[PDB]
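What follows is a set of notes on a single structure, which appears directly below.
Throughout, a chain's letter reflects where its sequence line sits, starting with A, and its residues are numbered from 1.
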Amino acid sequence: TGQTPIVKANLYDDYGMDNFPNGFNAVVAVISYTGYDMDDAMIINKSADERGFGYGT
Amino acid sequence: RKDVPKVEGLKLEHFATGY
Amino acid sequence: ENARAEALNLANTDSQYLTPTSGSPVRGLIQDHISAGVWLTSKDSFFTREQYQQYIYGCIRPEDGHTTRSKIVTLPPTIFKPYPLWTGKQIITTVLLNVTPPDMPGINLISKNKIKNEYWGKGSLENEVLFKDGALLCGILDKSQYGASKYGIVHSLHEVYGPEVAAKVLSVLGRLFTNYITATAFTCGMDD
Amino acid sequence: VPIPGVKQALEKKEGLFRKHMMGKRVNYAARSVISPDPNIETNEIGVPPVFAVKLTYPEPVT
Amino acid sequence: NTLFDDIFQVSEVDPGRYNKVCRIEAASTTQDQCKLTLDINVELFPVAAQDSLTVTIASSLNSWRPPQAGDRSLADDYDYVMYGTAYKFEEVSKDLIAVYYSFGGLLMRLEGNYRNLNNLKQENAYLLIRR
Amino acid sequence: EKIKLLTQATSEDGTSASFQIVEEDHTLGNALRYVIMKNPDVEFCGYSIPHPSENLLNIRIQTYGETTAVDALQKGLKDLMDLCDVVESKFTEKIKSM
Amino acid sequence: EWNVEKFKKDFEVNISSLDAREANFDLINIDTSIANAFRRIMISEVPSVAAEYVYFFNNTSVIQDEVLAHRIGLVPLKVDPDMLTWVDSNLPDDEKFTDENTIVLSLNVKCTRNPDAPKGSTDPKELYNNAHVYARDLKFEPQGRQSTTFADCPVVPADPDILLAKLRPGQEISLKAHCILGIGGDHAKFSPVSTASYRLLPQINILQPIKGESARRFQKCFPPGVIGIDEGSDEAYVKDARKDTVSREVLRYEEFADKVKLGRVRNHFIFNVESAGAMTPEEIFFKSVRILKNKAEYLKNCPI
Amino acid sequence: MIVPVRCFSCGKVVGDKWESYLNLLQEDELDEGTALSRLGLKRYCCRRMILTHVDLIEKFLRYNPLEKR
Amino acid sequence: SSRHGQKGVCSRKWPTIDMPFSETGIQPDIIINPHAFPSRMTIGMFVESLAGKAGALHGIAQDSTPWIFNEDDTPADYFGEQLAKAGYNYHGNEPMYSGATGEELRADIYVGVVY
RNA sequence: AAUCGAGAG
Ligand SMILES: [Zn+2]
């Protein structure tokens, strides 16, 4: 399940990239809270993961 | 240069929970 | 068993605290822990009895061999009235007091850190880290103290107590600044 | 194109010395991506349960 | 027992990028040479410029435990009592001395004549303040 | 099996113990620790989770004396139960009122 | 000293609203240690019923079987969680499911082309028969005693309009889904709340008078019903703090940089609860309170 | 591909609102913000789920191996 | 990864109760450390979080094609005005609460929506 | 087994 970007270039439509979704709009908190993402790691919500966030085959 | 077009009809969307 | 003993005693990671290239330390906490220590060890940090004891137990956990006294020892609060308030420097002091073995004095280190006094306002002396009998009394713990820095607190603990105690201090400090970072998060944005 | 000879079989990095004496493939080893863990001891490694069931150690019974 | 006592006229209060503590420049009203610098959290003991404070350094209040009913101490006669330790002495000049105190990171520097500061030694001491 | 006393950390007189609770997290840990820190007899109280990926909670209770860590734990648990009861009763009162 | 009686004297609840889906209320003079316990139990520990085991018999549709089973597990079911027990996982697959803990849902739907569709018709509902599969198509197949116990209340989705799948002629779906009790700390499909959280009651401490036109702009820096102009004196005062969303727009003007301090009441929690549909929000909160109490009682009665 | 049943962030059921969103966009001449508000989507986490859905299932469905083309 | 070269592996699936939550009630699905930015200097990701939040609030799509803004018309000002006119703040920060202790965090947290 | 091409740190 891809999504169209909220922030996109005007040329996103001109090449019809909506025919080929590439990602998903995610709620991203820039926060040092977990301790498990310092060098370059990132944390994904478990519940969002169980709701099909970023699923593929 | 013309400034970036200010969107019109911008109203309040955020309200405290329960209201 | 021979390879086991070599890996446990000669190639183990706590023996590699200093690299032979120049004798400088190579281990230490890196980014979130450093930025957390700057906040936790400033003068503006006060903690009630609940917060103080929760932080200490969370970073120590004596049942896993972290203490040297089998029972957590705390400090009297900095402020007695109006109500008992501790400090983050006291958090550091009691962390050291619980990891550093008893029947041995505390560290006496005079050093600096990376943040000039002018960034804290007029008359500040927080650029001058000071330890005395193992009590953090001035300055803020920084990258210069725990990190890949010479003559900081972890390096001096290494020198005075062996590499095992410095490994315990690194682990305990990592647990402390992690539980502190979930309670009082850290963030950056466009306002910065 | 030419069929390598015996000297060609040992001469260089892809030869026999540098690829089968100085370096070797090994048993009881594992490889995986690394992820951080601040709740693991600074002298420790976090081993997945998938490795912990494939790696063994010979233990004489006493 | 008490080791020091005086009345100080606060001169300046500067926050300095802190939201809780302030640095106090308080000069004594009796001794022309005895002055004081102190860091306290002004969200518990607010202090303004040109205020008068009864600063008392005590060796005790007559281990730690939260107060319970029926307990008396010297702190009951003061509004703001800090605990700490002395770490540095200094000969500023002839007939002058400065003692440096650290209360968990809060710095006090009490400069005065050694005649009235002779009772202060490098031990744990309680700072007590009154309005 | 649910609650275990860590013998390597307990005191001989019983006034300083450490408890390991399975299948618990901050939800019970923080509430129990806050309630136990209301006992005027306890000297030290805190909770720690050894590893987030394990559902194990550790509770430390050190008392001044005249009680034990087990007794302080029981008192904190009962006080938590009563606190929940009063919250439930007041919520129901306000529901019926409306 | 602190005591249960001293807490019972000061604790109070102010229900601001209450529907069948969303309940907004206040908890006063309580600690975050207990408010957060309630919130966490509501999100994770309160049980509900969701589809867990899916038994496909045919799926010729574009959506693959695992995706379709995941979607069927996500749709919430209007089942009272007390009406069924808990599945004993250790039991074998044959005897694991019974009439007192499992609810059987079926979905049989074939798409055939509509031979009466007008020329130039682009609507799939007019071109094809059963071109859309909805949660309402999930029929309930009672077995055993539940044929009588559920007769009062048949099991239907809380949102029958959920678009499960789409079909084209020749394609079909035939499946059975087993629905059991689970908690949201295991899988997010068992969570019975759309979202349950709180927020501290904001405080707006006005320090200096804001008489004049400054009151008009100071009041302009908040949600509409938070600051008002006093009828007698032209002064700004705090009417309603609950209406304030903490956005600190007042701090962005140096005019008020030393006229107001924004803080919070650290004991005044405004719980906002929304229900997925299986239970009412007030019952969700009641169950969370009961869960905390019961877990404490289990610890108390556990031998040490 | 097809509309998600629930919002990823909070969990609110938004799978029954895609067809209504299209109806309110087409029949009524509503802008996206107004349509999302009138569907009951207040949090931007829920608004994005419908505002940014692509609906590739329709394009997938044109390749039907079971009907003559 | 974002569309700004901020690649990173998933280190843990953080449970939602332990996730921090905002005054609005939402819990972010991605957490990225603030320390990824000072050396990489991907301010486009900051302004994209800002614009994405504003767009998801106003039900609009914002264009991000380079060289539409300048130093007199800053995207920070633009999307901040759009965020202020909706009830959120100018700088995109949100009051969040720790999900483990329930206390409000020490400062406002920078949130938003990014692709 | 080589050769070519695509990648990861
Ligand atoms: Zn949502």
Side-chain angles (χ1 to χ4, degrees), chain A residues 2 15 17 19-24 26 28 30 32 34-44 49 53-57, chain C residues 7 11-13 16-17 19-21 24-34 143 147-148 170 174, chain D residues 1-52 54-55, chain I residues 1-14 30-42 44-45 114-115:
Chain A
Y15 291 79
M17 318 258 64
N19 299 256
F20 312 91
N22 234 315
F24 33 84
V28 178
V30 180
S32 157
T34 299
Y36 279 78
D37 64 334
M38 283 171 59
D39 272 1
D40 279 313
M42 40 77 77
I43 299 296
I44 296 186
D49 174 85
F53 179 77
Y55 183 87
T57 71
Chain C
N12 56 329
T13 170
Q16 277 84 94
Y17 178 81
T19 49
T21 297
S24 297
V26 77
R27 306 177 70 82
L29 317 179
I30 34 180
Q31 37 198 83
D32 271 340
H33 294 151
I34 271 60
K143 192 202 177 181
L170 272 189
Chain D
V1 186
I3 287 183
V6 166
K7 165 189 169 183
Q8 309 297 327
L10 339 168
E11 257 287 316
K12 283 177 163 290
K13 168 173 56 178
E14 309 82 11
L16 188 80
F17 272 97
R18 297 179 53 178
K19 198 198 278 184
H20 292 265
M21 286 95 154
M22 305 292 110
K24 298 188 182 55
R25 313 254 159 199
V26 288
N27 279 341
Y28 304 98
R31 185 183 175 90
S32 183
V33 192
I34 49 171
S35 56
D37 199 304
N39 303 119
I40 216 70
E41 265 187 21
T42 321
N43 61 76
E44 277 182 338
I45 187 64
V47 176
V50 65
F51 294 169
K54 306 289 172 175
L55 299 172
Chain I
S1 169
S2 77
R3 296 179 294 161
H4 309 268
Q6 291 282 352
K7 58 180 182 71
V9 307
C10 181
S11 178
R12 188 166 186 257
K13 286 173 193 170
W14 213 248
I30 297 298
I31 284 189
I32 186 181
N33 212 45
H35 287 98
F37 301 85
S39 53
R40 276 73 178 284
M41 314 160 73
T42 61
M45 189 172 183
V114 337
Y115 198 80

Side chains of residues 26-38 of chain D: which donor-acceptor pairs under 3.5 Å do they make with residues two or more places apart or in other chains?
from, atom 1, to, atom 2, distance (Å)
D:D37, OD1, D:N39, N, 3.0
D:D37, OD1, D:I40, N, 3.2
D:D37, OD1, F:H51, NE2, 3.4
D:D37, OD2, F:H51, NE2, 2.9

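To the nearest angstrom, P of J:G9 lies 14 Å from CG of A:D39. If you measure from atom NZ of I:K7 to atom P of J:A8, you get 9 Å, rounded to the nearest angstrom. Distance, D:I34 CD1 to J:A8 P: 17 Å, rounded to whole Å. In this structure, D:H20 atom NE2 and J:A1 atom P are separated by 10 Å, rounded to whole Å. Between the CD atom of D:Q8 and the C1' atom of J:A1 there is a distance of 16 Å, rounded to whole Å. One interatomic measurement links the two molecules: CD1 of D:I3 to P of J:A2, which rounds to 14 Å at whole-angstrom precision.
For I:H35, the ring-ring contact (aromatic ring centres under 6.0 Å, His included) partners are C:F186, not counting sequence neighbours.
For the pair C:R27 and C:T13, the minimum side-chain heavy-atom distance is below 4.5 Å.
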